[PDB]
């Protein structure tokens, strides 16, 4: 009875386009736009995904309220991981008055991570930034006391947790596969770590954990419940910040002229004698523009999803209740009409005379837009500023593998930098 929306080619595997989505999601999404335009679809197992692109369609997507396009059940792969949410789990730590302190905390975490680097050596970006961001996230979003009781084990387990987000979750988040088994085992390991910390606290007597432990119903929360809360407080900001930091360093190393400009700027700026806690909250133009361009080319979330709660018409095409509706920062961020030479790294794109990020309000979307725009955006930008203010003034970096060999692993809904990502460092002098 109802007219079928345009469908992208391919998708003849068991679960439609799901197999291709797991192997090359960006290529799939780009083909949707190339073949069909601003509104096109692909099949994700038993669900149809209406992929929107372009300013007009994206505006509809981002301005829609939860009453029209619901985000609530659009990300099933998160249910097994976690086991009003922002107000309860994110807002407190993100208040403006807390930022100065967070910048100092982040600076401290970076110095601790590079304390044993010495004069020269080599690191792997995924291993370094994944661990560093576990410490900045836990210290800032949960507590310094809590972070001090964490070590490499927590980071290793958290990573396996993130790897348990295969697209098969859209079939069922509890299917019997290896990645989901490891996901549950990883979560169980985190619960054990938290339980140990709790017993240590109780053993010999205040942060967030101290408060949660004292809540009663007989203790109201188990280690599993507390662990779920902590996992949720750090998740949205961990893989995003980890990856963005890695790609920021990669692009600087790939474009030494920009790297040189950032170095000169940092040296001049800190010449006033103020701390990172002062400068990370204020303008650092060249670095900020490198970050904006890095986010445009390497958005950590390549697809955003919603579930339609009613019927809507976008450019003559009708979206029906129950349809999965999506927008893609990966595709939108590179629309050639909006971003001249979209595949090139051009930080000048954001300088005062151009401001391509502000002019393309509905297509420059690494942080999303509208009602669900990233609430941690300011924190994330401040964190990159604080991290590189320390790293780039203390050390010099060079690629230890071909520039084109650095890449992301897109096999899971949670994008992660692929290994190896070898980089050499040497103290500046």
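Residue numbers count along the first chain shown, from 1. In this text, the rigid core denotes the largest set of C-alpha atoms whose superposition between the two forms falls within 1.5 Å.
In 5 other deposited structures of this protein, superposed on the rigid core, which stretch sits farther off in Cα RMS terms, 196-204 or 123-131?
Stretch with the higher C-alpha RMS distance in 5 other deposited structures of this protein: 196-204.
Please indicate which stretch deviates more in 5 other deposited structures of this protein: 74-82 or 327-335, judged by C-alpha RMS distance after a core superposition?
The more displaced stretch in 5 other deposited structures of this protein turns out to be 74-82.
Output yes if residue 89 is unmodelled in at least a third of the other compared entries of this protein, no if it is modelled in all of them.
That residue is missing from at least a third of the other compared entries.
Hey, how big is the hole between residue 83 and residue 84 in terms of deposited residues without coordinates: none, 1 to 3, 4 to 9, or 10 or more?
In the deposited sequence, 10 or more residues between these two have no coordinates.
If you count the residues of the deposited sequence that sit between residue 205 and residue 206 but have no coordinates, do you get none, 1 to 3, 4 to 9, or 10 or more?
Count of unmodelled residues in between: 4 to 9.
Look over 268-276 and 193-201 in the entry and identify the one with the greater average Cα temperature factor.
Result of the comparison: 193-201.
Comparing 374-382 with 45-53, which has the greater mean CA B-factor as deposited?
The entry gives the higher C-alpha B-factor average to 45-53.
Can you tell me which of 103, 304, 358, 211 has the highest Cα temperature factor in the record?
Highest CA B-factor of the listed options: 211.
Among 288, 131, 311, 251, single out the one with the highest C-alpha B factor in the record, please.
Result of the comparison over 288, 131, 311, 251: 311.
What third of the chain does residue 187 rank in for C-alpha temperature factor, lowest, middle or highest?
As the PDB entry reports it, the C-alpha B-factor of residue 187 lands in the middle third of its chain.
Comparing against every modelled residue in the chain, figure out the third that the C-alpha B-factor of residue 107 lands in (lowest, middle or highest).
Lowest third - that is where residue 107 ends up once the chain's C-alpha B-factors are sorted.
Is the Cα B-factor recorded for residue 347 in the lowest, middle or highest third of its chain?
Lowest third of the chain for residue 347's C-alpha B-factor.
Report the third (lowest, middle or highest) to which the CA temperature factor of residue 69 belongs, ranking only the modelled residues of the same chain.
For residue 69, whose C-alpha B-factor we compare with every modelled residue in the chain, the answer is the highest third.
Can you work out whether the C-alpha temperature factor of residue 322 puts it in the lowest, middle or highest third of the chain?
Ranked within chain, residue 322 CA B lands in the highest tercile.
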